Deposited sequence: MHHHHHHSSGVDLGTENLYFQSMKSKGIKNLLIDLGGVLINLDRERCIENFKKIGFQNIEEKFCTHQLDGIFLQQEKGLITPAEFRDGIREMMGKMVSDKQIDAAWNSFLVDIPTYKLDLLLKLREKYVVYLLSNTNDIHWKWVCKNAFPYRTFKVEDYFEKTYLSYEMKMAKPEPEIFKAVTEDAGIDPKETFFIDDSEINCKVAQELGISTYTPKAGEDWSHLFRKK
């Protein structure tokens, strides 16, 4: 039987808009934003916490070749994120009654702060209300689908992979998780996956 839920953030909870993000970057003068997404790239580095938010911005400034404020950069980068529908927050709260609920996400400090400020706050609830713990690539200095991030998660949480269900819209991420004995489901873009618990 399953005791634990590993929930993905991107797509599974928060709706994403790459086109909007691209458009917002071009409107502040980063014309070729769409050509910039590399393994040594600032996007990959910040995902794994190898650089700081300050370094990321300066990275953007650098390939941008222009004066642009921190808030402007953050606003455009954050525009990639849209919303977490509130029925998914209800679902998470509802689920805590029967499972231990965790988050595992490839994300970055800038996005995470925006998410904790703007998507999770709901009624009286904040991010802490939804999860036993949040596992974030840039804090763990690793990234899905590295086999080690899954091991690192179950060991740090003290949970058995075989009693854990993983929900993530990346197939590759699910397929590696499966190797470790974790059960998985791969929701489609914008899918309401509450059907899993009926």
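Where C-alpha coordinates are absent, the deposited sequence of this PDB chain has the segments 1-26, 64-66, 228-229.
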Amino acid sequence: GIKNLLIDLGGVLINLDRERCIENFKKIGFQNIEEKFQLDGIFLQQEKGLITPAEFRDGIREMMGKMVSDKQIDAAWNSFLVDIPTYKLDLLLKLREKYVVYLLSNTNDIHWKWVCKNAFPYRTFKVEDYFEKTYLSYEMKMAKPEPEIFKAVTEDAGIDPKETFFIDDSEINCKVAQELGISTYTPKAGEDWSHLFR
From here on, numbers count along this sequence of modelled residues.
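The PDB entry records a higher mean C-alpha B factor for 67-75 than for its counterpart among 67-75 and 99-107. As recorded in the PDB entry, 27-35 is the stretch of 141-149 and 27-35 with the greater mean C-alpha temperature factor.
Residues shown: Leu9, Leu180, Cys174, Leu16. Highest C-alpha temperature factor in the entry: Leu180. Among the modelled residues of its chain, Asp168 has a C-alpha B-factor that falls in the lowest third, as given in the PDB entry. The entry lists a Cα temperature factor for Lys126 that places it in the highest third of the chain's modelled residues.
Annotation for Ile42: C-alpha temperature factor in the highest third relative to the rest of the modelled chain, per the entry. When all modelled residues of the chain are sorted by CA temperature factor, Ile60 is found within the highest third. Remark: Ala54 belongs to the highest third of its chain, ranked by C-alpha B-factor as recorded.
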